[PDB]
Amino acid sequence: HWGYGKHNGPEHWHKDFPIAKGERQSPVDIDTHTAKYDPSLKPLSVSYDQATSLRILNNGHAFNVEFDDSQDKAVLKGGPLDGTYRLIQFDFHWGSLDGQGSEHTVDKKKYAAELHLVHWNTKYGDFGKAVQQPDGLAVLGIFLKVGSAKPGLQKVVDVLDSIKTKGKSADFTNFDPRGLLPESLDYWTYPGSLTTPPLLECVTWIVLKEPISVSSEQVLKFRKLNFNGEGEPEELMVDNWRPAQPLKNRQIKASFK
Ligand SMILES: O[n+]1ccccc1S
Ligand SMILES: [Zn+2]
């Protein structure tokens with residue numbers, strides 16, 4: 001099926017997932033001199049006080065931290081969004097070296113990694129129905145750069161040794177995703193898609209301007225995970241990012257002047 005290698009990577013995905021070449025694919029390059037401030041954006045509201053994380057899972061593509069989305073416990077509202085979106089999971093994408101790894105770029109700059117907090121629109125009842133809608137998902141994207149350690153990421157780093165290979169999972173309760181945010185909620189927004197197969201075109205992207213800083217030792221640990229399963233040839237889980245896609249007839253809006 002699909003991956004990030006020469007033989008099954010992003011340039012192959014269109015064959016099983018033809019929407020790969022669609023009109024609202026992600027990620028994109030954010031050209032900061034083309035994005036216009038939109039003063040009608042409502043303030044962004046990140047409400048993660050009652051977040052209930054369940055489990056962390058190496059899916060052979062990246063790792064996912066999964067949440068209880070049965071009720072309005074961790075939600076994203078405001079900004080470009082109408083209604084209420086419930087947090088279902090977060091995941092990351094990263095590089096083999098610090099000069100690549102993010103999916104979105106900013107003025108062609110690649111960051112060392114990119115975190116996605118994925119939410120679905122409660123008006124559609126469940127995630128599977130939300131991904132049949134053009135406004136079904138909102139993904140909060142956050143860039144990582146290498147500098148000082150991010151304390152709130154360390155509980156993730158230290159569990160990685162227990163989920164080295166594809167198919168492994170671990171309990172991951174009581175994790176507070178507020179610790180992954182930067183200071184500022186300044187953002188860019190545009191309509192796009194999931195950046196992983198099935199590439200569905202259902203996402204309102206909200207990409208924070210301010211990166212978070214993680215230490216070299218934190219990112220090094222992400223690069224010790226494996227794409228392969230237990231006892232198979234080791235293929236380090238690195239460069240699990242899709243490159244920028246054509247912007248087509250889309251507008252990127254800035255929340256800030
Ligand atoms: O990378 N990723 C995996 C699953 C669904 C959403 C996202 S952002
Ligand atoms: Zn993602």
Side-chain angles (χ1 to χ4, degrees), residues 26-27 44-59 61-69 73-79 81 85-95 98 101-104 106 110-120 137-163 169-189 194-196 203-223 225 237 240-241 255:
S26 290
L44 196 62
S45 168
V46 183
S47 296
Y48 292 167
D49 188 55
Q50 303 282 114
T52 323
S53 58
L54 299 172
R55 203 181 61 144
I56 187 169
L57 166 68
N58 174 329
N59 70 2
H61 304 113
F63 68 83
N64 290 338
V65 168
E66 312 159 346
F67 288 77
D68 180 9
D69 76 347
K73 284 164 172 259
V75 298
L76 184 68
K77 309 176 75 246
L81 299 170
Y85 293 69
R86 199 165 290 170
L87 176 67
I88 177 166
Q89 74 168 52
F90 70 71
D91 52 71
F92 296 82
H93 306 263
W94 60 94
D98 301 344
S102 64
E103 296 204 301
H104 295 91
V106 181
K110 294 172 165 91
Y111 288 89
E114 181 172 323
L115 161 64
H116 293 155
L117 294 132
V118 179
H119 311 79
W120 57 269
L137 296 185
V139 184
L140 182 61
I142 298 178
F143 299 122
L144 285 63
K145 63 179 206 201
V146 175
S148 59
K150 188 75 160 167
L153 175 66
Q154 187 58 36
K155 287 198 295 173
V156 178
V157 165
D158 281 332
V159 86
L160 301 182
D161 266 352
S162 78
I163 60 157
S169 82
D171 188 281
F172 210 62
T173 46
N174 304 101
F175 180 76
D176 183 352
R178 285 172 296 195
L180 303 174
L181 312 178
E183 286 174 6
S184 185
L185 290 178
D186 284 345
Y187 66 89
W188 295 281
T189 180
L194 294 172
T195 60
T196 47
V203 181
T204 299
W205 276 98
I206 297 165
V207 182
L208 293 193
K209 180 179 174 175
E210 179 169 8
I212 54 163
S213 292
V214 308
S215 59
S216 196
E217 294 77 10
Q218 292 175 314
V219 82
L220 284 162
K221 286 173 177 189
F222 278 30
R223 307 182 185 133
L225 292 165
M237 181 177 282
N240 55 353
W241 49 274
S255 74

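Count residues from 1 along the sequence. Only this structure's heavy atoms are used, side chains among them; waters, hydrogens and symmetry mates stay out.
Salt-bridge annotation for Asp68 and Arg55: absent, with no side-chain N of the basic residue lying under 4.0 Å from a carboxylate O of the acidic one. Between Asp49 and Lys73 there is no salt bridge, since no side-chain N of the basic residue sits under 4.0 Å from a carboxylate O of the acidic one.
Using a 4.5 Å heavy-atom cutoff, the side chains of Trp188 and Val106 are in contact. When side chains are defined from C-beta on, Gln89 does not count as touching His116, because their heavy atoms never get closer than 4.5 Å. The side-chain heavy atoms of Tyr187 and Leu44, taken from C-beta on, include a pair separated by under 4.5 Å. Using a 4.5 Å heavy-atom cutoff, the side chains of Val219 and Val157 are not in contact. Residues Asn240 and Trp94 are in side-chain contact: their nearest non-hydrogen atoms beyond the backbone lie under 4.5 Å apart.
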Would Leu144 and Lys150 satisfy side-chain contact (heavy atoms from CB on, under 4.5 Å), going step by step from the backbone distance to the final call?
CA-CA 10 Å; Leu144 285 63; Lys150 188 75 160 167; over 6 Å; no

Could you check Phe172 against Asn64 for side-chain contact (heavy atoms from CB on, under 4.5 Å), going step by step and ending with a plain yes or no?
CA-CA 10 Å; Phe172 210 62; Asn64 290 338; over 6 Å; no

Determine, step by step, whether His93 and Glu114 satisfy the side-chain hydrogen bond (donor to acceptor under 3.5 Å, both in side chains) criterion, reporting the C-alpha distance in whole Å, the side-chain angles of both residues, the deciding distance to 0.1 Å, and the verdict.
CA-CA 5 Å; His93 306 263; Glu114 181 172 323; over 6 Å; no

Step-by-step side-chain contact (heavy atoms from CB on, under 4.5 Å) determination, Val156 to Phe63
CA-CA 10 Å; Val156 178; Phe63 68 83; 3.5 Å; yes

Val203 and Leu194: CA distance, side-chain angles, deciding distance, side-chain contact (heavy atoms from CB on, under 4.5 Å) verdict
CA-CA 7 Å; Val203 181; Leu194 294 172; 4.2 Å; yes

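In terms of modelled atom types and a separation under 3.5 Å, the side chain of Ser45 and the main chain of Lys77 share no donor-acceptor contact. When atom types are taken as modelled, the side chain of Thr52 and the backbone of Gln50 share a donor-acceptor pair closer than 3.5 angstrom. Between the side chain of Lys155 and the backbone N or O of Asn174 there is at least one donor-acceptor pair closer than 3.5 Å.
With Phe92 as reference, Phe222 is the one residue of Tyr111, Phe143, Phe222 to meet the ring-ring contact (aromatic ring centres under 6.0 Å, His included) rule. The side-chain contact (heavy atoms from CB on, under 4.5 Å) with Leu117 is formed by just one residue from the set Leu181, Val65, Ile88, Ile206; it is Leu181.
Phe90 has its ring centre less than 6.0 Å from the ring centre of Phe175. Ring-centre distance between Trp120 and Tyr85: not below the 6.0 Å cut-off.
Remark: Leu137 CG to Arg86 CZ distance equals 13.5 Å, nearest 0.5 Å. Expressed to the nearest 0.5 Å, how far CZ of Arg223 lies from CD of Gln218 amounts to 12.0 Å. The distance from atom NE2 of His119 to atom CG of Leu87, rounded to the nearest 0.5 Å, is 4.5 Å. Atom-to-atom distance recorded for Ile142:CD1 and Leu185:CG is 8.5 Å, nearest 0.5 angstrom. Interatomic distance, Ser216 OG to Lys221 NZ, rounded to the nearest 0.5 Å: 11.5 Å. One finds the CD1 atom of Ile212 at 6.0 Å from the CG atom of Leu153 (value rounded to the nearest 0.5 Å).
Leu57 and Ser169 get closest at one heavy-atom pair: CD1-CB, 3.9 Å. For the residue pair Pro211 and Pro182, the shortest heavy atom distance occurs at O-CB, 4.1 Å. Nearest heavy-atom pair, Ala112 versus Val146, reported as atom, atom and distance to 0.1 Å: CB-CG2, 4.0 Å. Nearest heavy atoms, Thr195 versus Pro27: CG2-N, 3.6 Å.
Within a 6.0 Å sphere centred on CG of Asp158, heavy atoms belonging to other residues, nucleotides or ligands number more than 12.
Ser26 and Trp205 share a donor-acceptor pair across their side chains, judged by distance under 3.5 Å alone.
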